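Only the coordinates and a few stated rules stand behind these numbers; no lab work does. Cβ placement follows ideal geometry from the backbone for every residue including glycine, while neighbour counts extend to all protein chains displayed.
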Amino acid sequence: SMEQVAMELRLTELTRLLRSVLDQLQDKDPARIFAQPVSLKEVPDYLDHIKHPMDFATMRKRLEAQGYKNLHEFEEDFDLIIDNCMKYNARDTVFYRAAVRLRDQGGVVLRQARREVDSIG
């Protein structure tokens, strides 16, 4: 149907905007701490601690499959990156501190993304 196509165009455009958001957030992680999945070879107990691991590469795979239907779903995955790190790692660590900085800096990007998503529909 033409309606299904229009819906698909909307999803494609959301995907375009979320790709730009993802790029801007990942620039706030210049150490690449959150770039890839925590390695279960290197942290073999990780899944005993963290039940839903997340990282920027995994988000990008979902994004490119158009697997985010709305901004809320995308934000959920970004918050997992931060929140998983802040639980596994202690306050005095470069990992925790990186997550705090990513959260604080990302907030600004996400505030305007929400306005854009609502504005453009």
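Report, in deg cm²/dmol and to the nearest 500, the calculated mean residue ellipticity at 222 nm for the chain, where each DSSP H run with n ≥ 4 adds -39500 (n - 2.57) and the sum is divided by the residue count.
Here the helix-only value at 222 nm equals -23000 deg cm²/dmol.
Between residue 93 and residue 47, with labels modelled 7 Å along Cα→Cβ, what's the label distance in nm to one decimal, could you check?
1.9
Pick from 48, 104, 23: which is most flexible by mean-square fluctuation in a GNM of the chain where alpha carbon atoms under 10 Å apart are linked?
Of 48, 104, 23, the most mobile in the Gaussian network model is 48.
Give the Cα extents of the chain along the principal axes, in whole Å, largest first.
Here the spans come out as 52, 28, 19 Å, largest first.
Can you tell me, using C-alpha contacts under 8 Å and at least 6 residues apart, the relative contact order of the chain as a whole percent?
Reported relative contact order: 30 percent.
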